[PDB]
C-alpha cells in the first residue's frame, strides 16, 4: 500500500509508545491487538502507526483499544469519512466556491512545519462575525470541512512530511489566534466546540502534537475551563495558552523562517500581495516528497496559494 512508500518508524527522539520506540510489552500488545482485529475481519488501517495511536489513547489497554477502533471503523462508514476526499473531488468546483466564502472571515491555513517536521496549522478567529458566518455556512458543514481536512492530513500531509523528515510524522502543530474574540461568542459556540472535540477525541486519537493559543483575551484561560471537560487530560497537557511573550515561545518549536512575520518569524508569501487565508504551503507541495498518492487537492480552487 501507499504506507510502504514513506517511513513507518518514528524518530528515536519521539515519545514512548510510538512506532519504532516500543518496550517489549508494548510490542507484544501491538501484536495481540492486531491479531484480535484481524480475527474480527478488519483489514484496513491495521498499520503500526494507526494501531499504536489507538493503543496510546487507551494506555495500552487492549480491550479498550479494540472498542475504540471498532467504534471508529463504524463511524467512518456512517459519516462518510472513507469517501470524503473522493466525494469532494467529484463536486470540487461547487465545494471550492462555497469554501472560499468562509476563508477571509475565518482563516484556516497550513504554513510549513515545526522544528520536528509536523505540519504547522494556523487558524484566526477574531474576524468571525457569527451572524455573517452563518449566512454562508452551517455548523455541520464546518464540522465536515474539518473531517475532510483530517483525511487530507493523513492522506497527503503525513506522507510528504514523513518523507521529508526521514521518519514517521503522525501529529500536527497548531497555532490558534484569538485576537479580538468575544468570550460570550466563545460560550455561544461551545456546542460546536464539543462536536469538534467528540469527533476528534474519539475517532482521531493521538493526532495532536502541540496546540498554542495566542492573543487570547485576558479571561480566556479561565473561560477555557468550560472546554476542558470535552478533552482528555493528555490533550489538555498539549495546549499552551500564551501571553505577551508568545513570539519567542513559538520560536522554541518552529523555525523562524517558517513562521509568518506577524507571529514573530520571517516567512513572507512569494507574492506578498497574496493572502495566508488562501494558502497551503508545505512539504506536500514539494515534488521530492509527493509520492504515489499524488498531490493534495487545492481547497481554495484557483485562489489557492502554494508558494
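Numbering follows the first chain given and starts at 1.
Check the entry's C-alpha temperature factors for 99 to 107 and 210 to 218, then say which stretch has the higher mean.
It is 99 to 107 that shows the higher mean C-alpha B-factor.
Comparing 57 to 65 with 34 to 42, which has the greater mean CA B-factor as deposited?
Mean CA B-factor is higher for 57 to 65.
Which of these, 145, 184, 155, 162, has its C-alpha atom at the highest B-factor, as the entry lists it?
Across 145, 184, 155, 162, the entry lists the biggest C-alpha B-factor for 184.
Per the PDB entry, which option out of 134, 203, 150, 167 has the greatest Cα B factor?
Max CA B-factor in the entry, restricted to 134, 203, 150, 167: 134.
Comparing residue 297 with the other modelled residues of its chain, is its CA B-factor in the lowest, middle or highest third?
CA B-factor rank for residue 297: middle third.
Within this chain's modelled residues, let me know which third the CA B factor of residue 280 belongs to: lowest, middle or highest.
Lowest third.
Taking the values exactly as deposited, rank residue 229 by C-alpha B-factor within its chain and report the matching third: lowest, middle or highest.
Answer is highest: the recorded C-alpha B-factor places it there.
Sorting the chain's modelled residues by C-alpha B-factor, tell me whether residue 264 ends up in the lowest, middle or highest third.
Lowest third.
Among the modelled residues of its chain, does the C-alpha B-factor of residue 50 lie in the lowest, middle or highest third?
Lowest third of the chain for residue 50's C-alpha B-factor.
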